[PDB]
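Working notes for the structure below.
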Amino acid sequence: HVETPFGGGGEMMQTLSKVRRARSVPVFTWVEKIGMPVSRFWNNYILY
Amino acid sequence: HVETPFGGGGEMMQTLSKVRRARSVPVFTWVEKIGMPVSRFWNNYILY
Amino acid sequence: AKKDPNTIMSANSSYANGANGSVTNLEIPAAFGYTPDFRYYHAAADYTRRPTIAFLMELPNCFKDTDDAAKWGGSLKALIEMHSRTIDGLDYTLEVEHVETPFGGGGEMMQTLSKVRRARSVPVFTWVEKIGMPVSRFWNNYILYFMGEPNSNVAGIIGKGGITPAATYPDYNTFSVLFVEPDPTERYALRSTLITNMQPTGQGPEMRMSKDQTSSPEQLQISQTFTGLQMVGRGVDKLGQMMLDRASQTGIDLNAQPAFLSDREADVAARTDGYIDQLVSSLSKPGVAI
Amino acid sequence: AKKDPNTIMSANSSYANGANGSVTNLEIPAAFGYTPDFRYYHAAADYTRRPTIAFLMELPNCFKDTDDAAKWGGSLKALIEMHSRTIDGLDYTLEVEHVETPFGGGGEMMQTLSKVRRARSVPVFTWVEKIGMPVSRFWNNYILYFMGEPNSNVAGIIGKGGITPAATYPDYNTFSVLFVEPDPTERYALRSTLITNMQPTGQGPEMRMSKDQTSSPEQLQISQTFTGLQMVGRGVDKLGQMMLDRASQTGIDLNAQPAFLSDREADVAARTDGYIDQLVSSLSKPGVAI
Amino acid sequence: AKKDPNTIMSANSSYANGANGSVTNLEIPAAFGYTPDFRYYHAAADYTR
Amino acid sequence: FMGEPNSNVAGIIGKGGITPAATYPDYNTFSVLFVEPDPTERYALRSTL
Amino acid sequence: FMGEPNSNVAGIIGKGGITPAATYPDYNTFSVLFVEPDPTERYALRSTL
């Protein structure tokens, strides 16, 4: 919103300005297995 | 108020200047119900 | 029970000039020398501070232009003098300033007096709210009608016709108070300060609202701060002593006052079922042969 | 306490001719030789500057043609002497100028005395503004009537009749002031100055206006610089000492002055709902027995 | 409260000619002499624009 | 002869004419001598004042 | 003896005939000697003037 004083008393008049939305940042979590397949999968994905 | 020295000793003279009043910023609180009536109501209110 | 006749200053003079009550000699052999002496322990009795008494000395002239100025004055007097839960902010401590100049190069300094000053008092009264919220009403309306109104910054009283000019001078909407610290017996004044030009500064009553039905209802306390021009010296000590000379206590006993209940109400008597009624009406009276 | 008898000049003479108070002896050893000596620490007490005093000496003759000369003179006197918040711009320093020729081709030079001059004083008074705007009105009307008027460039007083010729002379619309810089006790005058031919120059009061309802009302600081023509010497020192001998301080004790209020107000005493009133009327007094 | 009767100019004359409200009397003792006097503190009320 | 809880002032002061110096210990304090005697109670072995 | 805030001048000057040299330190200053003795309070281990 935006404000402007409604007289000198200390009150404000508010006018809608803009509306937005949040943003997602996904984060997954795993536990390694015997032989470390998860780390191999992701590292080789990135590398190749 | 305002201020002006009454001599050099350290006493002070004050004169009334202005009067103002505080402001209200209402804040309601609710608890969600089966379905999601409150969240749906408010989100759709803002959107439409 | 006897003490050294030189324990009490023979006459209040020199630094003790103008004092009201008895003062210790300050020349009796005191402790913290080679050894203490039990012949002079009466002089080791110590000062202990006591609560301050505040007297209203003047009223604003704005009350005259209102209706029921008597009520306004009475409520102001009661609030300042009797309802005061606490009072703070009083202070007239001294302060001294010097200068420096090297005395050679070793690290020794020479000093010469430059100025002497004094501290300021910032009165702060506190109260606890009563049913009907009378204190908040009183102070809010004082500020709104005798000082200013937030939206226009003009006193509401000016709406009434015939308000005299010179309503902007402090005496139109300011008052005075006299503060005295007494001795334990409340017969002699030990300190005083005469502050004038007082009216609220900063915040007023709290004025907050909220809903929580599981919360326990709570008390309200009112804190207000005031302006002030404080005066001290021997002229005000005499005034404080004169004010405290009134409010004498001769003939007063707080342990022989009559009970505020003189007797049991008439309904209790009407009931006729209790301790005394058993003896009066229930038990038989055959006489005692035993 | 005791100090060396030779600390003070035995008699004021040579460069101390005309000095008023006691002047330290510069022949006593100082602290910056081989090593400071504690026997001469009294003479190390330092000079410390104290505020100057303004004494009005003469009035403009234009006051005579006005409706009330006493009011104009009293207002000018109070403004110069008692209402002056600060003063600045007094200076009578010396300044020496030399002519220089080389003493060979290696860099040396012979320097010879050529001239000696003195600085100037530009008094600047400042005040703080009061209800009704008396100071600004006083100064603006002074400039408008006893000095030029912007639309005609002629004095407003001459609108009247009978103003004598020679109205264009300094004695018509100028005054004089004597400035004295006293000692800590204000019994002896250490520095002095006598400036004549004084009237406003530069810019008068501010006189600007604006609208803003979200900004707190503000004070008005008034400044004014004046013309002058100063004198300094020993006759001026005698004049300053003669002024300072007056305004005696004997009998004055500000810690024993009576309070500006001697007793509580009559309306305050009429409410009978205070601290004293409860004792006087509310509580019973059956006596004390034990 | 009580203040000295001479605090306010009784009549608007001399340099106060044409003044509308109440103009303080300028011959009252001020706070910047030898010392201030508490009997004349009503006359120290300041100007606010 | 000591404080009273509600007012914190001695009740004796309700009698006018009580001299000043009522705050000193001699007004409202006393003294005692303690002795430890021997079995025959003729000689003092320990004492305190 | 030192100063008064409202005038920054000693009140004693309100009498007559105070010495013109009243502004020197010997007028309103004193001296003390500090000594630290031994356990027997017979010898001065350290001193300060």
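Residue numbers (the deposited numbering), protein chains in the order written: chain E, 99 to 146; chain D, 99 to 146; chain C, 2 to 291; chain N, 2 to 291; chain O, 2 to 50; chain H, 147 to 195; chain B, 147 to 195.
Even for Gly, the Cβ is constructed at its ideal location relative to N, Cα and C.
For this session: Grab me the residues of N:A32's own chain with a C-beta within less than 7 Å of its C-beta, minus the 5 sequence neighbours each way, in chain order.
Result: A45
Exercise. Where does H:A168 land, buried or exposed, given buried means 16+ other C-beta within 10 angstroms?
Worked result: buried
Problem set entry | Cβ of N:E187 within 8 Å of any chain B Cβ | yes
For this session: Identify the continuous alpha helix (DSSP H) that holds C:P135 and give its terminal residues.
Result: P135 to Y143
Exercise. According to DSSP, which residues form a beta bridge with B:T169?
Worked result: The partner list for B:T169 (beta bridge, DSSP) is empty, contrary to what the question assumes.
Exercise. Within this structure, are the beta carbons of N:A260 and C:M232 separated by less than 8 Å?
Worked result: yes
Problem set entry | Pick from C:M243, C:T36 and C:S249 that is closest to C:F180, judged by C-alpha positions | C:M243
For this session: Ignore the nearest five residues each way along the sequence and tell me which others in C:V125's own chain have a CB closer than 6 Å to its CB.
Result: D89, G90 and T226
Exercise. Within 8 Å (strictly less), CB to CB, does E:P124 reach chain N?
Worked result: no
For this session: Note down the Cα distance separating C:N13 from C:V24, rounded to an integer number of angstroms.
Result: 7 Å
For this session: Spatial neighbours of N:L221 within its chain, please: CB distance less than 6 Å, with the 5 preceding and 5 following residues excluded, ordered by chain position.
Result: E130
For this session: Return the first residue and the last residue of the beta strand (DSSP E) that C:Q112 is part of.
Result: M110 to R119
Exercise. From C:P171 to C:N21, what distance separates their C-alpha atoms?
Worked result: 34 Å
Exercise. Got a sec: is the Cβ-Cβ distance from C:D213 to anything in chain O below 8 Å?
Worked result: no
For this session: Give a yes or no on whether 8 Å exceeds the smallest Cβ distance from E:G108 to chain C.
Result: yes
For this session: State yes or no: is the beta carbon of H:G157 nearer than 8 Å to at least one beta carbon in chain N?
Result: yes
For this session: Starting from C:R192, trace the beta strand (DSSP E) both ways and give me its first and last residue.
Result: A190 to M199
Problem set entry | Own chain partners of H:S193 with C-beta closer than 6 Å, once the 5 adjacent residues on each side are dropped | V181
For this session: Output the boundary residues of the beta strand (DSSP E) element that contains N:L57.
Result: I54 to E59
Exercise. Whose CA, out of N:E101, N:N198, N:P183 and N:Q258, lies closest to the CA of N:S122?
Worked result: N:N198
For this session: Could you give the DSSP three-state label for C:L80: helix, strand or coil?
Result: helix
For this session: Answer yes or no: does any C-beta atom of chain D fall closer than 8 Å to that of E:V117?
Result: yes
Exercise. Taking C-alpha atoms, which residue in N:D92, N:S285, N:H84 and N:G74 lies nearest to O:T36?
Worked result: N:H84
For this session: Could you tell me how far apart the beta carbons of N:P201 and N:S137 are, in whole angstroms, since I believe they sit closer than 8 Å?
Result: Not a contact, Cβ separation roughly 12 Å.
For this session: Classify C:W128 as helix, strand or coil using the three-state DSSP reduction.
Result: strand
For this session: For D:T102, go through chain N and note every residue whose CB falls closer than 8 Å to its CB, in chain order.
Result: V129 and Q220
Exercise. For C:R121, which residues in chain D fall below 8 Å Cβ to Cβ?
Worked result: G108, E109 and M110
Exercise. Does B:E150 get closer than 8 Å to chain C when you measure Cβ to Cβ?
Worked result: yes
Exercise. Counting only beta-carbon atoms, is N:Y276 nearer than 8 Å to chain C?
Worked result: yes
Problem set entry | N:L91 - containing alpha helix (DSSP H), residue span | That residue, N:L91, is in no alpha helix (DSSP H); it is neither H nor E in DSSP.
Problem set entry | C-alpha gap between C:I164 and C:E59, whole angstroms | 20 Å
Exercise. Any idea which residues DSSP pairs C:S224 with across the strands?
Worked result: C:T127
Exercise. Can you list, in chain order, the residues of the stretch 18 to 29 of chain O whose Cβ is nearer than 7 Å to any Cβ on chain N?
Worked result: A20, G22, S23, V24, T25, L27 and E28
For this session: Keeping to the same chain, check which residues put their C-beta closer than 6 Å to that of B:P166; ignore five residues upstream and five downstream.
Result: none
Problem set entry | Inter-residue Cα distance where the pair is N:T175 and O:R40 | 33 Å
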